Amino acid sequence: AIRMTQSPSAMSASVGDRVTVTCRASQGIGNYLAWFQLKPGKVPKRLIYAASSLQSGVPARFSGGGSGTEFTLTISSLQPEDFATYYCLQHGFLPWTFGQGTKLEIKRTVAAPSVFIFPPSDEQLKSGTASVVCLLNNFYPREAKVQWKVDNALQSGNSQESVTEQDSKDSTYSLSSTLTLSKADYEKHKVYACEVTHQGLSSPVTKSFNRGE
Amino acid sequence: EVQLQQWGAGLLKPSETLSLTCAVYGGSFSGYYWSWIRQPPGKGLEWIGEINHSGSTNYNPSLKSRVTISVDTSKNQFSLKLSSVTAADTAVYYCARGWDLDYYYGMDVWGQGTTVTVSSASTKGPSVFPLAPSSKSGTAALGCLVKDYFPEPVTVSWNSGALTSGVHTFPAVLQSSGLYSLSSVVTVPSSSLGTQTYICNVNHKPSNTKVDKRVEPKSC
Amino acid sequence: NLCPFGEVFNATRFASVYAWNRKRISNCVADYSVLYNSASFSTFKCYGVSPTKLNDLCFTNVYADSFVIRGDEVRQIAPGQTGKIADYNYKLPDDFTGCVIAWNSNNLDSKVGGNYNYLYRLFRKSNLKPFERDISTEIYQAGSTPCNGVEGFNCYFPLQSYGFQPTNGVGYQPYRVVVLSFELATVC
Ligand SMILES: *[C@@H]1O[C@H](CO)[C@@H](O[C@@H]2O[C@H](CO)[C@@H](O)[C@H](O)[C@H]2NC(C)=O)[C@H](O)[C@H]1NC(C)=O
């Protein structure tokens, strides 16, 4: 019943910065607020219990505090081993409820993506389904809008996307949007386009091809 | 110091019953609540329920009385039962040391987790289709589309692991058909399209499937 | 002449544990065996004295302390126990010679959206003395920063409410508690 609003949803920072995430409780939960760290593949570990108390073995840069209604997890000098997703948990009133999380990602300079478009192979067309793949590579801002245009008709509801984690070297993301279409629908149209809107591009770039060429 | 070891089947069909068990080896088993937490793929954490040494249970109302949590005090174990499962119950299920009975703080120790996937799909090998570099370009891009497979995972290498730079294998995406779909991509110098060979190495252990696929520019 | 135990056990409203109610009892003729045998008490534990009614009709001043806590905290209403209730709300001395009675009251003290009327002290700078009762609503300073009676960062209101919903587990359901102490002037 109790809403736990966690802000911001995601945030960028660099090593050595001071970072505070906030968790806002719907009702007064007094001192029953826990903070957890969560990394891909790793079991979640508790960081703060009772709003302010530090779990044993957790470094001293991690701090916590609360008012009963507004809570705050703070990292003084950020380290590489702190880039993860942080969740708060209230246990003031049943049912216990979590926050949506705050993902802590590495800050770097703006990097425009490299866009590529891939028509469906003849081998796949023989099976009766067509897959058009658009690829965004090497971009720092996660914010990216990919729009499919089939003969200048904006396609929605048949496009599934996927994104990598921050690369361990250049700290960029890459994104694949796959448009799925039946063979009949595929052969009903000529121009297949992938339009990409990204902060690092002054104008939206469009990569396209013509069925058959 | 204190460790939790959990187990149970993680591959279920809908309407089946998930049954996980957690074993405690360390802290006094009586002075704590023992709880279950869930994390659906990319959807944050959700508290399922918990039980104390005396058998008192707190459940999350979100589960419509489908949850039953039991305790065995002579083996220091506690179990989770979730009936009438659907694909919405696909998640990683952890057991954890919940709240103590003195000052009521907890979630100290966690189980290693159990990956649970609820799908009426049968084991299927992937079809591998080429993503050819277009007649264009500096640097070029090519790859493979690994489609129609169940369950996870698939392992993709390039040239039998001879090339790793610029590779990007995207996390799988569950299609509306219940099968998984993935794409692996390489950026390579566009002056290497005629001299160097690029080949996908796709492995799907559940179906015992290996597919090698050569990726070349499509001739006009 | 028959004692007013009804007014305590049957009482329509019970007190928050931090502000526990204390009733004096004198000119009392009471059957204590009839209470000990009542299945309506899930908990009835006598430390030191033990259940017997031939003891002087009534002692000099029988005290009946009453309040509401949750299920998992009932074990704390006992000598030598440590916990949030025993540290901050209601303590019994080590030489306690009296009885502790408890019963589940989910049907009386639980609302569907949560009964927020029963509260307990959540913070205190020191442990209670036995039979101490603290009504202070002073803003508790959890951190190093003072509060100056203003809530805020590490600056809590010292009392927290129980949720008390009927759907709670038995450990988090309300339990009504009565503690009878016997002191020995004159004897009634
Ligand atoms: C609390 O209330 C109940 C019900 O009013 C009392 O139980 C009654 O006790 C008398 C004997 O004293 C019996 O003859 C009745 O049959 C009982 N009624 C029921 C339904 O149990 C109880 O005595 C009260 N508590 C105290 C201390 O008086």
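Following Swiss-Prot, chain C shows residues 334-517, 522-525, kept in their order.
Structure method, as recorded: X-ray crystallography, 2.8 Å.
Cβ atoms here come from the backbone N, Cα and C positions, even for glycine.
So that you can see what the record holds, here are the features copied from Swiss-Prot:
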type: DISULFID; residues: C:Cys336-C:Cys361; note: disulfide bond
type: CARBOHYD; residues: C:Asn343; note: N-linked glycosylation site
type: DISULFID; residues: C:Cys379-C:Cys432; note: disulfide bond
type: DISULFID; residues: C:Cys391-C:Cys525; note: disulfide bond
type: REGION; residues: C:437-508; note: region 'Receptor-binding motif'
type: REGION; residues: C:448-456; note: region 'Immunodominant HLA epitope recognized by the CD8+'
type: REGION; residues: C:455-490; note: region 'Disordered'
type: DISULFID; residues: C:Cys480-C:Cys488; note: disulfide bond
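In the three-state DSSP reading, C:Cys488 (disulfide bond) counts as strand. For ligand 1, the recorded positions lying close by, meaning a CB under 6 A from one of its atoms, are C:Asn343; the full candidate list was C:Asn343, C:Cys379, C:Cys432, C:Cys488. Chain A has a C-beta under 8 angstroms from the C-beta of C:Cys488, taken from the recorded positions C:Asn343, C:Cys361, C:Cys391, C:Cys432, C:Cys480, C:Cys488. Nearest neighbour of C:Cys432 (disulfide bond) by Cα distance, taken over the disulfide-bonded residues C:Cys361, C:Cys480, C:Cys525: C:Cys361. C:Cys336 (disulfide bond) is surrounded by 19 other CB atoms, counting those within 10 A of its CB over all protein chains shown. Distance between the Cα atoms of C:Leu517 and C:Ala522, which bracket 4 unmodelled residues, is 8 Å. Per-site Cβ counts within 10 Å over the disulfide-bonded residues C:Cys361, C:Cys432 peak at C:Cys432. When the C-alpha distances from C:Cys361 (disulfide bond) to the recorded positions C:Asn343, C:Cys480, C:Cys525 are tabulated, the minimum falls on C:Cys525.
DSSP places the residues of the region 'Receptor-binding motif' (C:437-508) in helix, strand and coil in these numbers: 7 helix, 14 strand, 51 coil. If you take the C-beta of C:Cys488 (disulfide bond) and look for same-chain residues 6 or more apart in sequence within under 8 angstroms, you find C:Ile472, C:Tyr473, C:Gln474, C:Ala475, C:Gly476, C:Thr478, C:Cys480.
Non-local contacts of C:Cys379 (disulfide bond) by the CB criterion (under 8 A, 6+ apart in sequence, same chain) comprise C:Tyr369, C:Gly431, C:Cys432, C:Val433.
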